[PDB]
Amino acid sequence: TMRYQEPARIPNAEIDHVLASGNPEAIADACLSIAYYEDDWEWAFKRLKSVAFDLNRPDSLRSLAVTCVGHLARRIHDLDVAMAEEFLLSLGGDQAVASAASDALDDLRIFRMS
Amino acid sequence: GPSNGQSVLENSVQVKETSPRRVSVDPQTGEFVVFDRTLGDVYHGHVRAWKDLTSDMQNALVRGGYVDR
């Protein structure tokens with residue numbers, strides 16, 4: 001059966017360590033803590049992108065990071081829209097993340113361009 | 001987040017077979033809820049207003065037998 005988990009808040013100061021050393025569940029938690037609770041677009045977008053672009057991370061994590069970029073876009077009024085869009089569009093051609101890119105783009109277009 | 005996460009997730013529907021993104025409606029509180037995969041069968045979710053759902057989301061809701069209009 002599917003399991004609901006509402007993201008835990010990981011303190012800002014611990015995030016980069018978790019992203020360097022952490023196992024997959026730790027990393028997902030960090031991505032989601034960023035997605036749901038951090039307000040600094042630039043600080044957060046930078047970190048999500050490094051996960052999304054990292055070829056040594058499993059597709060599950062890369063895809064989640066994109067979905068998380070979708071969440072930031074939904075939540076944060078002062079995002080750089082053009083940067084968010086170029087990012088999501090630059091992924092449309094590679095399959096590991098394409099599907100989440102499309103849904104993150106849905107999030108961008110609704111909350112920030114409509 | 002949503003009030004009734006677990007049961008609202010169980011009675012949810014996948015929007016498109018190309019994406020694990022699902023959607024449901026809380027029978028109790030009446031809110032519309034979007035769910036995304038975390039890892040494996042684990043999911044997280046957020047509340048949305050009717051006009052913030054896409055055509056696909058709304059189609060898959062009404063047609064699922066979840067909302068009148």
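Each chain gets a letter, A, B and so on, in the order its sequence line appears, and its residues count up from 1.
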Is there a donor-acceptor contact under 3.5 Å from the side chain of [X] to the main chain of [Y]?
X: B/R22; Y: B/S12; answer: yes
X: A/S33; Y: A/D29; answer: no
X: A/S63; Y: A/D59; answer: no

Side chain to side chain, [X] and [Y], heavy atoms closer than 4.5 Å:
X: A/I110; Y: A/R74; value: no
X: B/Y66; Y: B/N11; value: yes
X: B/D36; Y: A/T67; value: yes
X: B/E31; Y: B/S3; value: yes

Nearest 0.5 Å, please: how far is [atom2] in [Y] from [atom1] in [X]?
X: A/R57; Y: A/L19; atom1: CZ; atom2: CG; answer: 6.5 Å
X: A/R62; Y: A/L91; atom1: CZ; atom2: CG; answer: 8.0 Å
X: A/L48; Y: A/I34; atom1: CG; atom2: CD1; answer: 5.0 Å
X: A/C31; Y: A/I27; atom1: SG; atom2: CD1; answer: 7.5 Å
X: B/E10; Y: A/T1; atom1: CD; atom2: OG1; answer: 6.0 Å

If the condition is salt bridge (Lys or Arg N to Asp or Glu O under 4.0 Å), which residues does [X] pass it with, not counting sequence neighbours?
X: A/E85; value: A/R109
X: A/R75; value: A/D39
X: B/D56; value: none

Listed partners of [X] passing side-chain contact (heavy atoms from CB on, under 4.5 Å), at least two apart:
X: A/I76; result: A/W41, A/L72, A/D78
X: B/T38; result: A/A28, A/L32, B/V42, B/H44
X: B/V8; result: B/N4, B/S24, B/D26, B/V33, B/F35
X: A/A73; result: A/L79, A/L108

A/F111: ring pair (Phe, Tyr, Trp, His ring centres under 6.0 Å) partners, not counting sequence neighbours: none

For A/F53, the ring pair (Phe, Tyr, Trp, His ring centres under 6.0 Å) test, sequence neighbours excluded, returns A/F87

Evaluate the criterion side-chain contact (heavy atoms from CB on, under 4.5 Å) for residue pair B/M57 and B/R48; output intermediate values, then yes/no. CA-CA 11 Å; B/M57 295 197 202; B/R48 282 199 195 179; 3.5 Å; yes

Ignoring hydrogens, what is the shortest heavy-atom contact between B/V13 and B/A60? Give both atom names and the distance. CG1-O, 3.8 Å

Hydrophobic cluster membership, with links at side-chain heavy-atom distances under 4.5 Å among I/L/V/M/F/W/Y: are [X] and [Y] in one?
X: A/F45; Y: A/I10; answer: yes
X: A/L61; Y: A/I15; answer: yes
X: A/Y4; Y: A/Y36; answer: no
X: B/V23; Y: B/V62; answer: yes
X: A/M2; Y: B/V15; answer: no

A quick test of your reading: do over 12 heavy atoms of other residues, nucleotides or ligands sit less than 6.0 Å from CD of B/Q6? yes

Side chain to side chain donor-acceptor pair (under 3.5 Å) involving A/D40 - partner list, sequence neighbours excluded: none

Below 3.5 Å, can you tabulate the donor-acceptor pairs from side chains in residues 96-105 of chain A to any protein atom, sequence neighbours excluded?
from	atom 1	to	atom 2	distance (Å)
A/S99	OG	B/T18	O	3.0
A/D103	OD2	B/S19	OG	2.6

Write out all pairs satisfying salt bridge (charged side-chain N to carboxylate O under 4.0 Å, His left out) with one or both partners inside residues 57-66 of chain B, taking only residues at least two apart or from two chains. none

Show, in sequence, the C-alpha distance, side-chain angles and deciding distance for B/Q58 and B/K51, and conclude whether the side-chain contact (heavy atoms from CB on, under 4.5 Å) test is met. CA-CA 9 Å; B/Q58 295 171 343; B/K51 76 200 166 50; 5.7 Å; no

